[PDB]
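# Per-entry structural report
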Amino acid sequence: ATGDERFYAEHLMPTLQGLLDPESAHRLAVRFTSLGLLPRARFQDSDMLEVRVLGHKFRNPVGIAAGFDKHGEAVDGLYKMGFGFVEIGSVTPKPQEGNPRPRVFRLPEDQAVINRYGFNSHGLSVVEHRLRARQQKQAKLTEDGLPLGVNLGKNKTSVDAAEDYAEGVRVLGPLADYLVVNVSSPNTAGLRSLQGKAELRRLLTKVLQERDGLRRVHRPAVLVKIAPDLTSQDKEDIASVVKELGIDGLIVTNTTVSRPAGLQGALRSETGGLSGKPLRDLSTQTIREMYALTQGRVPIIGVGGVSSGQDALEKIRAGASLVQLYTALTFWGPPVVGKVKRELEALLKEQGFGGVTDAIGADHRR
Ligand SMILES: CCn1c(CO)nn(-c2cc3c(cc2F)c(=O)c(-c2ccccc2C)cn3C(C)C)c1=O
Ligand SMILES: Cc1cc2nc3c(=O)[nH]c(=O)nc-3n(C[C@H](O)[C@H](O)[C@H](O)COP(=O)(O)O)c2cc1C
Ligand SMILES: O=C(O)c1cc(=O)[nH]c(=O)[nH]1
Ligand SMILES: [Cl-]
Ligand SMILES: [Cl-]
Ligand SMILES: [Cl-]
Ligand SMILES: [Cl-]
Ligand SMILES: [Cl-]
Ligand SMILES: [Cl-]
Ligand SMILES: [Cl-]
Ligand SMILES: [Cl-]
Ligand SMILES: [Cl-]
Ligand SMILES: [Cl-]
């Protein structure tokens, strides 16, 4: 453990979180990050951590999950933190305010957060112009193994969900290495119903037709991000649709509307999605089941409760090609990224893996 990891986790982050309301802490973090006001990322990515998936090289398999940088304000600062890839969003077609404040709640006794932001978004036009200002910088970053994902949502009052996603593909698809069809926010009424078989097949057919209409150098991979709260039937249906349509990958998982037994935080009964440690094993077991249902043929980005190399490797061995985190960054701060990478490299060597690639899905081969 570095001096920075201990100082951030034991002193700086608890002190700052104690002075700030949770949404104010989020906003200040985006500003720090966008200005590059960050501790040194001392960790040097090794060849062991490189992954080739989704038509790209990833210098390391640890990404920032959607929700931290909803509006594409802090992309370059997130690469400076040492993330191997960045996902922005969710972005909605029109700007919208989201839910009334307060709408984010800290459960420090559980190393968890509950949020009900409700897709607060600057909207596609603002984000498009923001990404266009750095489009060639991103092309060089992607060529250097640092890809960009864009996560698409839908407006609260939209009457045609598929048209909202189609608009996102047309506007931000040409600026993305991958797009995410987010059908799993717990905080937009009716959205998770889009995970059902008939609704998902119709929606994803339209999204893929729009993506296929983009010029080759502007044609991203398309992933579907799913909930941790699906029935067995829902998961079988999603696997069937993904294989039928040739969806490029899955992001597994969004936050949970469940409240696992044992939560201690005073705010455990707030409405919204739960993230962090209580989600971890529910997410890992969703990865495991989606990998099996897709015969290991569909790349998975694993997300939910990653705060250590062990957490990352458990998702990789369950079937994830890449992992993301967000909630751990709220407790540990920026040094968590190098921590996870250093611990993951050490565990791969301890378990006899030549690299990340060799470990993907390894549990299924035991
Ligand atoms: C879920 C909403 N939510 C919360 C509340 O639940 N916190 N949070 C957050 C706060 C963060 C950070 C990262 C975060 F995800 C971070 O990385 C830093 C920080 C420290 C030193 C230097 C450079 C940086 C960027 C500072 N802060 C705050 C304390 C100001 C965040 O998104
Ligand atoms: C404050 C907050 C906002 C989020 N907003 C989004 C979002 O806009 N789109 C999305 O696909 N996921 C969103 N998520 C979910 C995360 O991307 C991630 O799937 C989930 O938090 C689990 O990872 P974690 O336990 O590492 O935080 C959000 C999560 C948090 C904590
Ligand atoms: O904006 C939100 O409320 C939100 C979206 C999402 O996909 N996941 C989440 O936890 N919150
Ligand atoms: Cl960088
Ligand atoms: Cl709080
Ligand atoms: Cl806009
Ligand atoms: Cl373009
Ligand atoms: Cl296609
Ligand atoms: Cl592309
Ligand atoms: Cl079930
Ligand atoms: Cl529950
Ligand atoms: Cl809820
Ligand atoms: Cl392990």
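This entry lists X-ray crystallography as its structure determination method and reports a resolution of 1.386 Å.

### Observations regarding the site of ligand 3
In the neighbourhood of ligand 3, the contacting residues comprise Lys-70, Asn-115, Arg-116, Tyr-117, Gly-118, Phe-119, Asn-182, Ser-185, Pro-186, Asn-187, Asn-254 and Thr-255. One of the side-chain N or O atoms of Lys-70 is found 3.0 Å from an oxygen atom in ligand 3. The separation between a nitrogen atom of ligand 3 and a polar side-chain atom of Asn-115 is 2.9 Å. Classifying every residue of the shell around ligand 3 gives three nonpolar, seven polar and two charged.

### Re the packing of aromatic side chains
Applying the stated rule across the entire model yields four aromatic pairs. Their ring planes at 90° and their centres at 5.3 Å tell us that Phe-58 and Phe-85 sit as a pair that is edge-to-face. With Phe-58 in strand β2 (residues 56–58) and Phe-85 in strand β4 (residues 85–91), this pair connects stretches of sequence that are 27 residues apart. Owing to a relative accessible area of 0%, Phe-85 belongs among the buried residues under this scheme.

### So, helix α7 (residues 197–212)
Given a rise of 1.5 Å per residue, 16 residues ought to cover 22 Å, and the 22 Å separating the end C-alpha atoms of α7 matches this to within 8%. For α7, the set of buried residues is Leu-200, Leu-203, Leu-204, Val-207, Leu-208, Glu-210 and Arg-211. One side of α7 carries all its buried residues, which in axial view fall inside an arc of 155°. Among the exposed residues of α7, those oriented more than 90 degrees off its buried face are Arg-202 and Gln-209.

### Considering the sheet that holds strand β7 (residues 148–152)
One closed barrel accounts for eight strands, arranged β3-β4-β7-β8-β9-β10-β12-β13; its pairing is parallel. Across the sheet, the mean angle separating the axes of adjacent strands is 25° when strand polarity is ignored. Two strands pair when backbone bridges link them, and strand β3 (residues 62–64) and strand β13 (residues 322–325) are joined in this way by three bridges, in the parallel orientation. By the bridge assignment for β13, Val-62 is matched with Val-323. The strands touched by α7 within the sheet are β8 (178–182) and β9 (221–226), with β9 carrying the most contacts at an inclination of about 155°.

### So, the UniProt feature "active site" in the protein chain
With numbering matched to this structure, UniProt assigns "active site" to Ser-185. Relative to the helices and strands, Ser-185 is located in the loop between β8 and α7.

### Observations regarding the sheet that holds strand β11 (residues 273–276)
Sheet strands line up and pair through hydrogen bonds in the backbone, either parallel or antiparallel. An order of β5-β6-β11 is seen for the three strands of this open sheet, with the pairing classed as antiparallel. Lying at the two open borders of the sheet, with one neighbouring strand each, are β5 (104–107) and β11. Mean inter-strand twist for the sheet, computed between neighbouring axes without regard to direction, equals 20°. As judged from the four bridges shared by strand β6 (residues 112–115) and β11, these two strands associate in the antiparallel manner. Bridge pairing in β11 links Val-113 to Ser-275.

### Here we look at the site of ligand 1
Close to ligand 1 lie 21 residues, the nearest being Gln-17, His-26, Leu-37, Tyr-326 and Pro-334. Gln-17 places a side-chain nitrogen or oxygen 3.1 Å from a nitrogen atom of ligand 1. Side-chain polar atom of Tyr-326 to an oxygen atom of ligand 1: 2.8 Å apart, as the coordinates give it. Starting from 650 Å² of accessible surface for ligand 1 in isolation, the protein chains cover 96%. Counting residues per element, the shell around ligand 1 draws most heavily on helix α2 (residues 22–35), at six residues. Across the shell around ligand 1, the residue classes break down as 16 nonpolar, four polar and one charged.

### Observations concerning the packing of helix α6 (residues 161–172) against α7
Packing of α6 against α7 leaves a shortest axis separation of 9 Å and a crossing angle of 20°. On the basis of their axis angle, the class for α6 and α7 is roughly parallel. When you trace α6 past α7, the crossing you get is right-handed. The segment α6 lies against α7, with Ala-162, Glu-163, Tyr-165, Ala-166, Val-169 and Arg-170 engaging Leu-203, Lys-206, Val-207, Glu-210 and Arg-211.

### Structural notes on the environment of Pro-299
Here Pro-299 lies in the loop between α9 (280–293) and β12 (300–303). The spacing of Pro-299 and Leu-329 is 30 residues in sequence and 25 Å in space, taken between C-alpha atoms. Not counting residues up to four positions away in its chain, the partners in contact with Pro-299 are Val-53, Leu-54, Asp-248, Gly-249, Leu-250 and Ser-321.

### Quick notes on the nonpolar core
Core analysis: the biggest nonpolar cluster contains 96 residues, and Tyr-165, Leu-172, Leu-203, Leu-250 and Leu-348 have the highest contact counts within it. If sequence neighbours within four positions are ignored, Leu-172 has contacts with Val-91, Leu-124, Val-127, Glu-128, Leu-131, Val-150, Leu-152 and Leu-179. In this structure, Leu-107, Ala-112, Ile-114 and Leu-263 belong to the second largest nonpolar core, which totals six residues.

Thresholds applied
Residues numbered from 1 in each chain as written, not as in the entry; some residues may be left out. Chains lettered and ligands numbered in written order. Heavy atoms only, no water. Near = heavy atom within 4 Å. Polar contact = N/O pair within 3.5 Å; in protein donor to acceptor, adjacent residues only side chain to side chain. Nonpolar A, V, L, I, M, F, W, Y, C, P; charged D, E, K, R; others polar. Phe/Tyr/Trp six-rings, centres within 6.5 Å; stacked < 30°, edge-to-face > 60°. Helix = DSSP H or I, 4+ residues; strand = E, 2+ residues; numbered from the N terminus. Buried < 20%, exposed > 50% of the residue type's maximum accessible area, 1.4 Å probe, protein only. Expected span 1.5 Å × (residues − 1). Arc of directions from axis to C-beta. Pairing = 2+ DSSP bridges. Axes fitted to C-alpha atoms, helices over the stretch in contact; angles between N-to-C directions. Contact = heavy atoms within 4.5 Å. UniProt positions renumbered as here; feature names shortened; annotations may be inferred. Areas by Shrake-Rupley, 256 points an atom, 1.4 Å probe, with all protein chains shown as cover. Parallel < 35°, antiparallel > 145°, perpendicular 65-115°, else oblique. Left-handed = near helix turned anticlockwise from the far one by under 90°. Core = buried A, V, L, I, M, F, W, Y, C linked by side-chain atoms within 4.5 Å.

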